[PDB]
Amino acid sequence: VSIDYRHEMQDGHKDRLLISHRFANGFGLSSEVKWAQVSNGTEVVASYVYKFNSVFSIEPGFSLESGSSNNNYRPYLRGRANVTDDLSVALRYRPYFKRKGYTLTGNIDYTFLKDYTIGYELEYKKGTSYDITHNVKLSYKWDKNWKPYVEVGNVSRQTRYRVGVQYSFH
């Protein structure tokens, strides 16, 4: 189980608290509460990660969000390839049916010096009623329980900044 708090600003603000767990069988569940300045929301996600082998995995997922402004059903399929022990790549297709469109999100993540991770995320969003996002995240496993992190992204025009920390139970 982990609990992840994150603050976001551009150049109002957004905050979130995301609690999640992935079981050794592959089943995962998360619940997130979000507030922004006012709006609020909650999201729940259930998924299975199915590992074909040490390199390739596929993760179908189900999510519903309920809010002031965002209210969507967003199922998804995420494929992952471990290129090396330190380097992974993923691609996620996530349509949204909200009150429709889809996002396509690619991720490249590289772990170095045991405790650091640098991640690049490219996200393409297209409505049916496009935007491209570039994001860089840097995380540091400070100890067995705490993983602070920062993200800087460009949303296309403007910059989106996040700071957060993930606490893991042991």
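Residue indices: 1-based, along the sequence shown.
According to the entry, the stretch of the deposited sequence that connects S156 to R157 contains 4 to 9 residues lacking coordinates, which leaves a gap of moderate length in the model. According to the record, 4 to 9 deposited residues between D11 and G12 are left without atomic coordinates. The deposited model assigns a higher average Cα B-factor to 67-75 than to the other stretch when 67-75 and 90-98 are compared. On average the C-alpha atoms of 120-128 have higher B-factors than those of the other stretch, with 120-128 and 44-52 being the two compared.
Take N107, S31, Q37, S57 and read off each C-alpha B-factor from the entry; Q37 has the highest. Ranked against the other modelled residues of its chain, the C-alpha B-factor of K114 as given in the entry falls in the highest third.
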